[PDB]
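Below you will find one chain, with nothing else, as structure tokens; this is the form deposited in one PDB entry, and questions on how it binds or moves follow later.
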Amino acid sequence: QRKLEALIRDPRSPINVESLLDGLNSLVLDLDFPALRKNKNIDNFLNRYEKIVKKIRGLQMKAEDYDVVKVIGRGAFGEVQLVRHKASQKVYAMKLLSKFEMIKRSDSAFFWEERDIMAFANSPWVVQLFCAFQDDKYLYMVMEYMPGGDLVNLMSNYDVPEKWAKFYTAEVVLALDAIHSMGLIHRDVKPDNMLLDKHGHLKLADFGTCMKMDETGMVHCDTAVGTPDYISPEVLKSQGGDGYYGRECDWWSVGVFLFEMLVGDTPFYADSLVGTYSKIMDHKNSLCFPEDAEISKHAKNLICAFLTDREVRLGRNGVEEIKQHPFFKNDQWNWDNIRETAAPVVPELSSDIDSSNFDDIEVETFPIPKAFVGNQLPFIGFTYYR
């Protein structure tokens, strides 16, 4: 009875205050229906607690507490809106996940890892989660807004010189090392998940496919994840059964990224997705550099050292061998201070809602239930306030 004063207040615990309230609020939501109320055990309880619960729901953060300035990202289960909290006047990126889409698709437990990393990472390399809440229809994540836009946008607006490519690649290696040292492998390293902040420095903004490492730093997984252009050969092959791999899969993606940034195209580009999988499986033959592409000796060397089978890939003896590669040799920054040195592309913003670095972008209730189905159960424990 001693430890509970601890557990309840510990933000990491699954049974803290906010989670206990989520439960009691999800229970009332999932039981208050016409048919269900014919049962009396249910109708009684809904009597005692329904009033007090509706009052508590009044003190809960709400979507209405925010103005939707505009949509800046689109997800598989919702969008990411640029918003301004009405009372504070502060701006944030707010991601929405539809409870109905996740339930219908039977994919209602993929967000825990992301929620945890963005909330507790406490790292300059990870987009920060200020608070997470929910209503009967959606899940909400209020995060720090990254006005710099992603790297897919930076790569299409500038012809990137090696000086920049070193900078970004170095920050990507540091961001992933931070994630690995938290016990996770990313598995979806790509330009779309890399955002630039107000100063032009990098942060990872998506962790939907992260996974907790072993006691050896490895994971057992039989599902190929990540965008086709960036899936490493070991992750691709794990789709055929008994995949066992470590963080080296993120290092492969860095190679694809560096290639794409300096060559202008992804190394295993193909007109079909299956075409790309095939190139990847046959990387020994399929990788090749364009004749007119002008790339330094070291740059081409680093790309080839990442783009090989795991057993001989750069980083197989630790991140230290990646950091000492000659391609990173320079006079502006070192591995300890890169984030406090001038970024290559400093954003030029005209206001707290300037979303010029983001391309523009262009409603299904649950069927009232017969008997209890528990559709709010998977989201008990999502709520979070710093």
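One rule holds for the numbers: they count along the sequence shown, beginning at 1. The term rigid core refers to the maximal set of C-alpha atoms that superpose within 1.5 Å between the two forms.
A second form of this protein, the form deposited in another entry, is not displayed here; the remarks below concern that form.
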Practice problem: After superposing the two forms on their rigid core, pick out the one entry in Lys163, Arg105, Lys212, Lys284 with a CA shift of 2 Å or more between this form and the one not shown. | Solution: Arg105
Quiz prompt | Rigid core fit then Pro34 CA moved by 2 Å or more between this form and the one not shown | solution = yes
Practice problem: Once the core is aligned, please say if the CA of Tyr245 is shifted by at least 2 angstroms between this form and the one not shown. | Solution: no
Quiz item: Do you see a C-alpha shift of 2 Å or more at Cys304 between this form and the one not shown, with the core held fixed?
Solution: no
Self-check item: in that other deposited form, shift in Cα separation for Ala109 relative to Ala205, 3 Å or more
Solution: closer
Quiz prompt | Cα separation of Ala109 and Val225 in that other deposited form versus here, shift of 3 Å or more | solution = closer
